[PDB]
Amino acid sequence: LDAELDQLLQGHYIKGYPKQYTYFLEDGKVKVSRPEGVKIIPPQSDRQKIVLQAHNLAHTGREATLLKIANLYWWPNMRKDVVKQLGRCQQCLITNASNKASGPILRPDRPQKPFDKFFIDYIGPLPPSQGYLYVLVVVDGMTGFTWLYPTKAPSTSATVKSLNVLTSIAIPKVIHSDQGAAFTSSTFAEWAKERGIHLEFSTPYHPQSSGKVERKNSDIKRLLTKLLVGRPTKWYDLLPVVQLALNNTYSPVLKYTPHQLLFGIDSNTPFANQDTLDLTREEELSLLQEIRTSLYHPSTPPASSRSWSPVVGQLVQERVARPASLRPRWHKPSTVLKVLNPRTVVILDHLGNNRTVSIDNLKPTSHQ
């Protein structure tokens, strides 16, 4: 500080202060003659307060904070001192946006069999129809075969009623859902345990994880819309038609309908495929097992040039789910406990709880 600056004034060389410049005293302040002009060298013990004042004018990042400082001052490695403060500004860390993309998505394996895994979700509220407001959508992961159920609410009780009708046909090993109240209730957990079904939840606020059913929701709304053009939105009576319509629609990439993938033969619907008319059921089920294993599988896409990847012990911040007006979009920093996979992590949150979270709802804390 006043120590360093003394040695410097009497022509001695101190590390980080290039010897080729003339350092002088004026108005009781150490000054230097830099290409850009004459700047003040504050003593080390002053520097933190200067950076902070510059930064706080508008809570600026690296370069805009630096530019303010460089107006009056020079010292060795100013940006290192600038960055040090940015890493300690709680308001910047929790308010600023990320500028790093997540790593490329995983394309999980298609469940091997019908009934291995169900994906479920609510759509709504829709306009009232017969006093119903929601749709429970159930999609078999392997086949894409879908079941639709109108409900008055996205509730456990309505879900249980619907699943009781569905599970009359078959029991699935796993049901996958987002963390909506209907699916996270202990009533629903009891119901699953009673029947040997394992419940598997998406990371919170990451509907990509329930992508199978989410994508079916789109087709469901799309078909409902087309059918209701120029009529009032009386959709209740249409659900059964939509269900049947979608379950018998070809996926151009697969060349099969979800009904075909489930049963290996069309029922008595329009334009029924007749290719296996001469096979026995046994031969038919044989060809079916073969079809089911040879289905096209997409692979993980190229990473973006500025993706980041979670590392154990790293400081990361969870996205605020439903941020209020003028409130930060990010929670306080937290620590990566485990990396479950390149797109999913467990974090310890400062409270400190364990939370399983999508990398898409995280940013790495800046400036370490």
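Residues carry their position along the shown sequence, with the first being 1.
Per the PDB record, is the mean Cα temperature factor higher over 255 to 263 or over 286 to 294? On average, C-alpha B-factors are higher across 286 to 294.
214 to 222 versus 69 to 77 - which carries the larger mean C-alpha B factor in the record: Comparing averages over the C-alpha atoms only gives 69 to 77.
Most elevated Cα B-factor in the entry, residues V312, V320, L57, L326: Comparing C-alpha B-factors across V312, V320, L57, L326, the top value belongs to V312.
Of the choices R231, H176, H206, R107, which one's C-alpha carries the largest B-factor in the record? Checking the PDB record, the top C-alpha B-factor among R231, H176, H206, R107 is at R231.
Tell me, lowest, middle or highest third: where does the Cα B factor of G61 rank within its chain? For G61, the deposited C-alpha B-factor lands in the lowest third.
Among the chain's modelled residues, which third holds the C-alpha B-factor of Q7? Highest third.
Lowest, middle or highest third: where is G103 by C-alpha B factor in its chain? For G103, whose C-alpha B-factor we compare with every modelled residue in the chain, the answer is the lowest third.
Of the three thirds of its chain by CA temperature factor, lowest, middle or highest, which one includes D116? Answer is lowest: the recorded C-alpha B-factor places it there.
Among the chain's modelled residues, which third holds the C-alpha B-factor of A181? Answer is middle: the recorded C-alpha B-factor places it there.
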